[PDB]
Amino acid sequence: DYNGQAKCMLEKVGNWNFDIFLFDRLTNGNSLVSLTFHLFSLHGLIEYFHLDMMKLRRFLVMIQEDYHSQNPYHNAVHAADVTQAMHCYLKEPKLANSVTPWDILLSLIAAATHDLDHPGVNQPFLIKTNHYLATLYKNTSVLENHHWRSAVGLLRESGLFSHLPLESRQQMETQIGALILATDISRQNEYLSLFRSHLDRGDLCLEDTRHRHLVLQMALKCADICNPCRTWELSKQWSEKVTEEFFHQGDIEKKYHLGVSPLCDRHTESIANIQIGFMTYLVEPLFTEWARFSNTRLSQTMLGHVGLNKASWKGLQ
C-alpha cells in the first residue's frame, strides 16, 4: 500500500518540491536505495553498463546501512536528498546535453556516498580529540577522504563493476573521489573562485571532460547545501535537523572541556543567526554563480526560496 504510494512519488522525482521525508517514511527508511535504484533505471544505466540488478541493490543497501541513522542530519536521508537534487541538476540543459552515461553514473554514486559513515562531528573536533581518521588523512579533508575511501571499499566489495576493465574501475574511484572531496565546505572559496573565473572568461567547454567535471563538482556542492533553496516546509525541517546535530557536538565539547566549536553552542548561538549566516555567506554566493552558468527557471526558483526562507528566519526575531 504505502509501497504503491512510493512508486507514484517517483513519477515526480524530477520535481524540486519532491518530499524526501515522506518518501523515506513510506519506504520504511529505504529512501536512498529506492530512489537511487530508480534513477539508475531512469537514466538507463543498468542497460548502458550491463549491470547485475542483484549486485546493484546489494551495493546501494551497503551504502544506505553504512550511514548513521542516529545522526539527526548526516544520515541516509540527507544522502538521498542530495542525490535527488543532483538528478535535477543533471536534467538542466547544459549538463543534459553534454554528460555521458558514465558521468551520470559517477555523479549519482558520488551523491549517494558523499557523507558515508559520517560520525556526526566535524573535522576540527576529530583533530583536537586525536581521532584515528585525522591521523590517517593528515588533518586534510578528513571527513571527505573518509567518505571517499569508504565508498571505494563498498564499490570493490559489491563487485558491481567487476566486468569492466581494472583501469575503468580505478578511474571511477578517482573521479568519484574528486567529486566527494569538492564537498569539503572549508574549501568552498577555492572551488567558487575557480568557477567564477571560468564564468567571467566564458571559456567553459562542456565537451571537455575536465571542464564538465568541474561543473559536476559545483553541481554536487550545490546539491549538498541546497536545503535553503527548497520550499520553506522542507527547508525548515532541514534547518532544525542540522542545528540539532551541531548542538549535540557542542554539548559533548562543553561536557568534556574540549572548547565549543563555531555554530555548536546552543547557549550563545541562535538557530536563526546560524541559518541566516549560512544562507548569506555560503548558499547565496554559490547559487548566484550557478545561476550564471545555468540561467534557468530552476536556478531562479532556488535563489527565490533562499531569499524567502532567509527572510522568514529574520522574522522569527
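Numbers for residues come from their place in the sequence shown, where the first is 1.
J.: Would you determine, from the values in the PDB entry, which of 127-135 and 145-153 has the greater average C-alpha temperature factor?
T.: Of 127-135 and 145-153, the stretch with the higher C-alpha B-factor average is 127-135.
J.: Compare the mean C-alpha B-factor of 112-120 with that of 163-171 as given in the PDB entry, and name the stretch with the higher value.
T.: That would be 163-171.
J.: Name the residue from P72, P228, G202, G177 with the greatest C-alpha temperature factor listed in the entry.
T.: When the deposited C-alpha B-factors of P72, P228, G202, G177 are compared, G202 is largest.
J.: When the deposited Cα B-factors of this chain's modelled residues are ordered and cut into thirds, is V61 in the lowest, the middle or the highest one?
T.: Bottom third by C-alpha B-factor.
J.: Comparing against every modelled residue in the chain, figure out the third that the C-alpha B-factor of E207 lands in (lowest, middle or highest).
T.: Middle third - that is where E207 ends up once the chain's C-alpha B-factors are sorted.
J.: Select lowest, middle or highest to describe the third in which the CA B-factor of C264 falls within its chain in this entry.
T.: It falls in the top third of the chain.
J.: Lowest, middle or highest third: which one holds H78 when the chain's residues are ordered by CA B-factor from the entry?
T.: Lowest third.
J.: Taking the values exactly as deposited, rank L26 by C-alpha B-factor within its chain and report the matching third: lowest, middle or highest.
T.: Within its chain, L26 is a highest-third residue by C-alpha B-factor, going by the deposited values.
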